[PDB]
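J.: Would you mind keeping the following structure in view while I ask a few things?
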């Protein structure tokens, strides 16, 4: 595939976007859409987050990593569904505003299951 | 000075009483040990601030919630202190409010250059810097429309008249330049207002502290100089507030300086700021010296400058509360004592 | 790398917190929509590990560095550098995950 940049959309905490866009970020000036869509910190329904995840991880052809706040422990099923391939979006679950990287992370769950 | 009791004796007394409820050093140390969020909330309840910790549920109780409660207490106490006063004290409070209102108006600028659904900004605008025409600027979309909403029916009009031709901002960052430009205009207005309408010793105290703040802004601009392709040294001299203690011997030389070597070398021309450009950190030592100056101004005990002293001293206290709550609740004990507690 | 995304990510988040404390407010609103392409990108993965062409992403910083830096007080640059270091850690974790999938 081609080069791309990361995104972070999980409604638990968007402060991770504020703490990461200083060094790494993504917007689409050609598409006039901020690829690093905020998570609203719980101010939006999960439907919008799922739609954005589908657009980024199933409509975007350019491939890069993607991040997710503590909602990654909430949307684990959708994470397992979209994590079938490392491309276009290899998901990740940063801690964000609280320590939220337990054994409940989908990637960590798969690693433990195959452990 | 004896006249001050006739106009703001009650205000001065109640402001001093508010000062007396600051963070006790032993109490702050005890709270620091109580690294648990619930334990820290209990300790802060033991602090003079009161039962604010029990207002919200322990589930959402976090460092952000603690700072939100502190900001609410700041806003309400300051609202009471300005409402109970009138005249020169009223204008001083108005100005204090304008200090944060510059930043709130800058946030209101965001959403005009790029559509941003200003509802979030309105819900998140800093309360101490509330502007009467803030909703009016929120509705305005075009740059000229917002400019009119700010140059008319908004008190910050002189600042937007001293600069901001057409407020295009197509090649000028809002927070980096436009916010700093309005901040400099505000600093000049504050300095001349203090020099022309505030009696001593508050006059000298206000002059010194405003010089300190202007020097802080100049130092921040100089630090940010090396990381920008824009902001030429011709603009940097314009970027400086053109007032303060370092002006002009250190301010002009720093503004002309472009390499990092000029930055530190410039602060050495002044005795007070020696070492800040060569050791420690900018912001931390800024807050240290600001808290020291606030204590010094509060020592006078019979001046208008005491209101600004309590403002900035317990602004530093709120910053210390943020530091402690973050480093304790989220477990970074290494710099838990970075907070200033000499009040 | 997951327990790093606990600890080191907390450290970088507190770098952002210290920058906010210096600025006195959450600079997140200003950082929002700051630039189209921040100073970082993910290059196309290419490798062959143990006879398998595992695609580990070798992300590299954008040539137009600091496209959204230079705002506020002096801690902004340090926060940007800490964010870049954490993002290098993130590229490492993402490459490890891509290997652990392929």
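J.: Would you confirm, using the coordinates I've provided, whether residue C:54 is more than 23 Å from residue A:100 (Cβ to Cβ) and in contact (Cβ under 8 Å) with a residue 40 or more places away in the chain? Break it down into steps so the answer makes sense when it comes.
T.: Values: more than 23 Å from residue A:100 (Cβ to Cβ): yes; in contact (Cβ under 8 Å) with a residue 40 or more places away in the chain: yes.
Against the criterion (more than 23 Å from residue A:100 (Cβ to Cβ) and in contact (Cβ under 8 Å) with a residue 40 or more places away in the chain), residue C:54 qualifies.
J.: Now for a separate question. It is to be established whether one or more residues within the stretch C:44-51 are in contact (Cβ under 8 Å) with a residue 12 or more places away in the chain, farther than 30 Å from residue B:236 by Cβ, part of a strand (DSSP E or B) and out of contact with any helix residue (DSSP H, G or I) (no Cβ under 9 Å at 6 or more places or on another chain).
T.: No; the residues of the stretch C:44-51 include none that is in contact (Cβ under 8 Å) with a residue 12 or more places away in the chain, farther than 30 Å from residue B:236 by Cβ, part of a strand (DSSP E or B) and out of contact with any helix residue (DSSP H, G or I) (no Cβ under 9 Å at 6 or more places or on another chain).
J.: Being more than 10 Å from chain C (Cβ to nearest Cβ) and closer than 16 Å to residue A:13 by Cβ is the filter; apply it to the stretch A:54-81 and report the residue that is surrounded by the fewest Cβ atoms within 10 Å (Cβ to Cβ).
T.: A:74
J.: Could I ask something else about it? Within the stretch B:300-311, work out how many residues are crowded, with 18+ Cβ neighbours inside 10 Å and either in contact with a strand residue (DSSP E or B) (Cβ under 7 Å, 6 or more places away or on another chain) or not in a helix (DSSP H, G or I) (or both).
T.: The qualifying residues number 2.
J.: Another question, then. When you scan the stretch A:46-53, do you find a residue that is closer than 30 Å to residue C:18 by Cβ, in contact (Cβ under 8 Å) with a residue 40 or more places away in the chain and within 12 Å of the chain's Cα centre (by Cα), even just one?
T.: Yes.
J.: For the stretch A:1-13, how many residues meet the condition of being free of Cβ contacts under 8 Å to residues at least 60 places away in the same chain and at the interface with chain C (Cβ under 10 Å from one of its Cβ atoms)?
T.: Total satisfying the criteria: 1.
J.: Taking the stretch C:4-33 on its own, how many of its residues are in a loop (DSSP other than H, G, I, E, B) and either in contact (Cβ under 8 Å) with a residue 60 or more places away in the chain or crowded, with 20+ Cβ neighbours inside 10 Å (or both)? Give the derivation first.
T.: Here is the first cut: in the stretch C:4-33, the residues in a loop (DSSP other than H, G, I, E, B) are C:24-27, C:32-33.
Checking the rest, the ones that are also either in contact (Cβ under 8 Å) with a residue 60 or more places away in the chain or crowded, with 20+ Cβ neighbours inside 10 Å (or both) come to C:27, C:33.
So the count comes out to 2.
J.: Here's a follow-up. Name the residue that is nearest to residue C:73 (Cα to Cα), counting only residues in the stretch B:146-159 that are in contact (Cβ under 8 Å) with a residue 24 or more places away in the chain and not in a loop (DSSP other than H, G, I, E, B).
T.: Taking the candidates together, the pick is B:159.
J.: Report, by residue number, each residue of the stretch A:20-45 that is under 18 Å from residue C:83 (Cα atoms) and over 15 Å from the mean Cα position of the chain (by Cα).
T.: A:22, A:23
J.: Report yes if residue C:94 is crowded, with 19+ Cβ neighbours inside 10 Å, in contact with a strand residue (DSSP E or B) (Cβ under 7 Å, 6 or more places away or on another chain) and outside any loop (DSSP other than H, G, I, E, B), otherwise no.
T.: Taking the combined requirement at face value, the residue satisfies it.
A quick yes/no check of all residues on (1) within 14 Å of chain C (Cβ to nearest Cβ); (2) within 20 Å of the chain's Cα centre (by Cα); (3) surrounded by 22 or more Cβ atoms within 10 Å (Cβ to Cβ):
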{"position": "B:290", "(1), (2), (3)": "yes, yes, no"}
{"position": "B:313", "(1), (2), (3)": "no, yes, yes"}
{"position": "B:323", "(1), (2), (3)": "yes, yes, yes"}
{"position": "B:333", "(1), (2), (3)": "yes, no, no"}
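J.: Related question: Out of all the residues in the stretch A:82-98, which are under 21 Å from residue A:64 (Cβ atoms) and within 9 Å of chain C (Cβ to nearest Cβ)?
T.: Once the filter is applied, which keeps residues that are under 21 Å from residue A:64 (Cβ atoms) and within 9 Å of chain C (Cβ to nearest Cβ), the stretch A:82-98 yields A:83, A:84, A:85, A:86, A:87, A:90, A:91, A:92, A:93, A:94, A:95, A:96.
J.: So which of B:343, B:339 ends up being touching a helix residue (DSSP H, G or I) at 6+ places or on another chain (Cβ under 8 Å) and more than 24 Å from residue B:12 (Cα to Cα)?
T.: B:339
J.: Look through B:226, B:239, B:277, B:282 and report the one residue that is in contact with a helix residue (DSSP H, G or I) (Cβ under 7 Å, 6 or more places away or on another chain), within 14 Å of chain C (Cβ to nearest Cβ), at negative phi and surrounded by fewer than 16 Cβ atoms within 10 Å (Cβ to Cβ).
T.: Numbers: B:239 fails: surrounded by fewer than 16 Cβ atoms within 10 Å (Cβ to Cβ); B:277 fails: surrounded by fewer than 16 Cβ atoms within 10 Å (Cβ to Cβ); B:282 fails: surrounded by fewer than 16 Cβ atoms within 10 Å (Cβ to Cβ).
The conditions single out B:226.
J.: Take the residues in the stretch C:59-81 that are without any contact (Cβ under 8 Å) to a residue 12 or more places away in the chain and within 7 Å of chain B (Cβ to nearest Cβ); name whichever of them is farthest from residue A:24 (Cα to Cα).
T.: The extreme case among them is C:70.
J.: Shifting gears a bit: Would the stretch B:319-328 turn up any residue that is farther than 22 Å from residue B:217 by Cα and not in a helix (DSSP H, G or I)?
T.: No, the stretch B:319-328 has no match at all.
J.: Another question, then. Please verify whether the stretch A:99-112 includes one or more residues that are touching a strand residue (DSSP E or B) at 6+ places or on another chain (Cβ under 6 Å), closer than 24 Å to residue C:8 by Cα and within 12 Å of chain C (Cβ to nearest Cβ).
T.: Taking every residue of the stretch A:99-112 in turn, none turns out to be touching a strand residue (DSSP E or B) at 6+ places or on another chain (Cβ under 6 Å), closer than 24 Å to residue C:8 by Cα and within 12 Å of chain C (Cβ to nearest Cβ).
J.: Name the residues in the stretch B:242-274 that are crowded, with 21+ Cβ neighbours inside 10 Å and assigned to a helix (DSSP H, G or I), would you?
T.: Listed by number, the residues that qualify are B:250, B:251, B:254, B:255, B:266, B:267.
J.: I'd like to check something: does the stretch C:45-54 contain any residue that is surrounded by 22 or more Cβ atoms within 10 Å (Cβ to Cβ), closer than 23 Å to residue A:65 by Cα and within 13 Å of the chain's Cα centre (by Cα)?
T.: Within the stretch C:45-54 (the criterion being surrounded by 22 or more Cβ atoms within 10 Å (Cβ to Cβ), closer than 23 Å to residue A:65 by Cα and within 13 Å of the chain's Cα centre (by Cα)), the answer is no, since none of the residues qualifies.
J.: Can you go through B:53, B:42 and tell me which one is touching a helix residue (DSSP H, G or I) at 6+ places or on another chain (Cβ under 9 Å), crowded, with 18+ Cβ neighbours inside 10 Å, part of a helix (DSSP H, G or I) and without any contact (Cβ under 8 Å) to a residue 60 or more places away in the chain?
T.: On the way: B:42 fails: crowded, with 18+ Cβ neighbours inside 10 Å.
After ruling out the rest, the residue left standing is B:53.
Neighbour counts run over all protein chains shown; Cβ positions are idealised from the backbone, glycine included. None of the figures in this text is laboratory data; all of them are computed from the coordinates on show.
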